[PDB]
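The structure appears right after this line, and notes come after that.
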Amino acid sequence: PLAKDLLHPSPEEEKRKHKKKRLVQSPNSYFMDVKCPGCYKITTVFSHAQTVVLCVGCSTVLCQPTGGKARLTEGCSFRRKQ
Amino acid sequence: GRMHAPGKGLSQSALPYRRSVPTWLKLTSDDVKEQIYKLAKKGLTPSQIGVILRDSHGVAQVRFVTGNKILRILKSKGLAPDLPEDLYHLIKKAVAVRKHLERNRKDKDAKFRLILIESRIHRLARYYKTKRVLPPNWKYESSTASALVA
Amino acid sequence: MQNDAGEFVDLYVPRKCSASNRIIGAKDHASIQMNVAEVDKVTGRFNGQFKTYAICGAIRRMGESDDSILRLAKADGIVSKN
Amino acid sequence: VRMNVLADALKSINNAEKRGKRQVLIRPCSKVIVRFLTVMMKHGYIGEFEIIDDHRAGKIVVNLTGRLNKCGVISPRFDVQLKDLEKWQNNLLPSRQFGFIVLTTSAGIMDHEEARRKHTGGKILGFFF
Amino acid sequence: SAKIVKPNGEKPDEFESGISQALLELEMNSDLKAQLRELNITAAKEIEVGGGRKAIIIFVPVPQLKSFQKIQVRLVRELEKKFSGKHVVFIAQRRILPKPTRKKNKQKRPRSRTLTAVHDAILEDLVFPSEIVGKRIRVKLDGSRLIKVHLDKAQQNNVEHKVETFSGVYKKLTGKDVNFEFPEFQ
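Chains as they are written, first to last, in the authors' numbering: chain Sb, 2 to 83; chain SN, 2 to 151; chain SV, 1 to 82; chain SW, 2 to 130; chain SH, 5 to 107, 111 to 193.
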């Protein structure tokens, strides 16, 4: 592999590296919209969340913090934004 | 690598390229400042201000929204703490090891770690006394350290 | 080798590898020079001429002459063009 | 604990040209190492290089041409006077016909042949041949 | 054509005979009211790109550049309607301060207003509605460097033809040539 064009990598090779060590670094996180079942309030909870996020009015539990990426509590409506 | 352990861990946050606020955060610099002004008065510290408005408000970084740091808008009208936050937690952690080490004299593992914790205080205490955060006559005394923690 | 008088004072000029640009020595007996007979367009047969490419033995022993001689077939219009 | 970044940059180029590679990646960039590379690109040892501008310290990808023998560094930035320069030449150049000790003068990062066209002794920064 | 929308720090007034009038006139765009009454521009240049393809530029006061961002596409469409054959951009007057040296009590030059941070800040408001997702400054084997700017392709659909007039205005204002690319999403 003497001639890997290491300034224009494929996005397949770019995806499956670390979030450091890339040609230009970028995070694996995102922000996600969560419809809790029973309200208008879309919450804008972070993907790798760390706190127990609660809803404003329908104040049941929304997500659970775990190892890397937050286990959502209820099977609830959901979309990745931006 | 890791200072007082033989670790070479590569695990730290990785900010994106685009510094601008995304097109969905309809939340101005005025509102995120006054939210921080509220919940810093609820016993919080700037390392745990930005974690909850990342997780429950979508603010990826305050310095991309207000153009300012969280400890810096706290100090901007005086309601930042006296000790720095990273100095506070090492002094609190040193008190807990030293209270452990009284009842357990034969715990030589805790005796070894206590001089490594106490060194990281004084290596970081000498930093803030040259950046004029701390008074020059500030000294870490273990006998009065239990009053620096609440 | 072009003295100040402007003359060739040199026994010969050595070849150099078309992969790694380094000199093939006088007794590097793993260095190949091989021909690729190109074909004319309309009838697809051997037209008489060819192209030569020299691969030095140090880059041939390392195991990427096939990566090499494809890549300098890539630059020279023989391969696929995709 | 990267005490010198010119030393690390030039070591990585030197490992890859003897490996046979056509491109390197120089992970921290500085203006001392882009003016180092635009002394050997102009003399013709490397080719097109891109600076990959990021918001922390940038990266550099260099196209290795193959004409490079060794691109070492003198890591204590010794000071060289123009009386002292000729004995730095015959210690760490292979010949007098080719190769350059590149050294930082008050008027810019130069050659040794360019530096004595002017009269501007400096600090020896590295060498390449 | 009036002393309202164009003030200066200084006197001179050449080539604003309709240019300040052009945004004095217009009626019922979105945010008609908070633009025509209190905001203002500083200067204007008429420079050339390509062949006979001029591009009038707006020099902007810095504190209300942020107040020009949310109206910019709905002022380009009216100003290129009126000034047809012509492109419209918004650049701040950012005022380089010189690097001190060996050669009274000047407190230190803020790095927000140094030449490197200005000549970068001139980019992302020149290419305003499509931001910058990368930069690949490349030197062309001859000492001459070249800035390759990657735009977003989240807002490609207003910038397809402006890339040669962006490069022309950025070469006159700064002194260094560029080119733009539209790379795939990551």
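By construction, the Cβ of each residue, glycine as well, lies at the ideal position given by its N, Cα and C atoms.
In this structure, the alpha-carbon of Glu103 (chain SN) lies about 40 angstroms from that of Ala71 (chain Sb). Residues are counted here when their Cβ sits less than 8 angstroms from a Cβ of chain SH; for the segment 63-91 of chain SW the count is zero. Listed by position along chain SH, the residues whose Cβ is nearer than 8 angstroms to that of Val35 (chain Sb) form an empty set, because the closest Cβ is around 23 angstroms away. Excluding five sequence positions before and after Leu30 (chain SH), the CB atoms of its chain that fall closer than 7 angstroms to its own CB belong to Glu82, given in chain order. With a cutoff of 9 angstroms on beta-carbon distance, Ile37 (chain SN) and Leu88 (chain SN) are scored as not near each other. The residue among SN:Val98, SN:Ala95, SN:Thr67 and SN:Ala61 with its C-alpha nearest the C-alpha of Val46 (chain Sb) is SN:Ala61.
Listed along the chain, the chain SN residues whose CB falls inside 7 angstroms of the CB of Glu138 (chain SH) are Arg19 and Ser21. In this structure, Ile116 (chain SN) lies away from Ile92 (chain SN), with their beta-carbon atoms at least 9 angstroms apart.
Annotation for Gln90 (chain SW): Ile102 and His113 place their beta carbon closer than 7 angstroms to its own, counting only its chain and skipping 5 residues before and after.
If you draw a straight line from the Cα of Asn15 (chain SW) to the Cα of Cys72 (chain SW), it comes to about 6 angstroms. Secondary structure of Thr46 (chain SH) (DSSP, three-state): coil. The beta carbons of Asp55 (chain SW) and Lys142 (chain SH) sit closer together than 9 angstroms. At a beta-carbon threshold of 8 angstroms, the residues of chain Sb lying near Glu64 (chain SV) are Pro2 and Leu3, ordered along the chain. Residues of chain Sb whose Cβ lies closer than 9 angstroms to the Cβ of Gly182 (chain SH) do not exist, since the nearest Cβ in that chain is about 26 angstroms away.
For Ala5 (chain SV), there is no enclosing beta strand (DSSP E), as DSSP marks it with neither H nor E. Counting only residues of its own chain and dropping the five nearest sequence neighbours on each side, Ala26 (chain SH) has a CB closer than 7 angstroms to the CB of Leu83, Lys86 and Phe87.
Residue environment: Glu20 (chain SH) is assigned as buried (16 or more neighbouring CB atoms within 10 Å of its CB, all protein chains considered).
For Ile53 (chain SW), the nearest beta carbon of chain Sb is closer than 9 angstroms to its own beta carbon. For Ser20 (chain SV), the residues of chain SW that pass the 7 angstroms Cβ criterion are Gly21 and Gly67, in the order they occur in the chain.
Runs of the beta strand (DSSP E) spanning 3 or more residues and lying entirely within the segment 18-83 of chain SH occur at 57-64, in chain order.
By the neighbour-count criterion, in which a residue is buried when 16 or more other Cβ atoms sit within 10 angstroms of its Cβ, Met111 (chain SW) is buried.
In the DSSP assignment, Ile102 (chain SW) is bridged to SW:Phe128.
Exclusion of the five residues before and after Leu122 (chain SH) leaves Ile100 as the residues of its chain whose Cβ lies within less than 7 angstroms of its Cβ.
Secondary structure of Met33 (chain Sb) (DSSP, three-state): strand.
A straight-line Cα-Cα distance of about 36 angstroms links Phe187 (chain SH) and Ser107 (chain SW). For the pair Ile50 (chain SN) and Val66 (chain SN), the CB atoms are not nearer than the 9 angstroms cut-off. Sorting SH:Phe192, SH:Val170 and SH:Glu138 by C-alpha distance to the C-alpha of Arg19 (chain SN) places SH:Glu138 at the top. One alpha carbon belongs to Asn47 (chain SV), the other to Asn35 (chain SV), and they sit about 14 angstroms apart.
With fewer than 16 other Cβ atoms from the protein chains shown falling within 10 Å of its own Cβ, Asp17 (chain SH) counts as exposed. Residue-level contact by beta carbon holds for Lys82 (chain Sb) and chain SN, with a gap shorter than 9 angstroms.
Under the Cβ distance rule, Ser78 (chain Sb) does not count among the residues neighbouring chain SH, no pair being separated by less than 9 angstroms.
Contact check between the segment 37-51 of chain SV and the segment 8-24 of chain SV: fewer than three CB pairs, one atom from each, fall below 8 angstroms, which does not count as touching. In the DSSP assignment, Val33 (chain SW) falls outside any beta strand (DSSP E) and within the unbroken alpha helix (DSSP H) covering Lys32 to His44. About 6 angstroms separates the beta carbons of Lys22 (chain SW) and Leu65 (chain SW), which is inside the 8 angstroms limit, making them a contact pair. In this structure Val57 (chain Sb) touches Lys42 (chain Sb) by the C-beta definition: roughly 6 angstroms separates them, less than 8 angstroms. DSSP lists Sb:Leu55 as the bridge partner or partners of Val62 (chain Sb).
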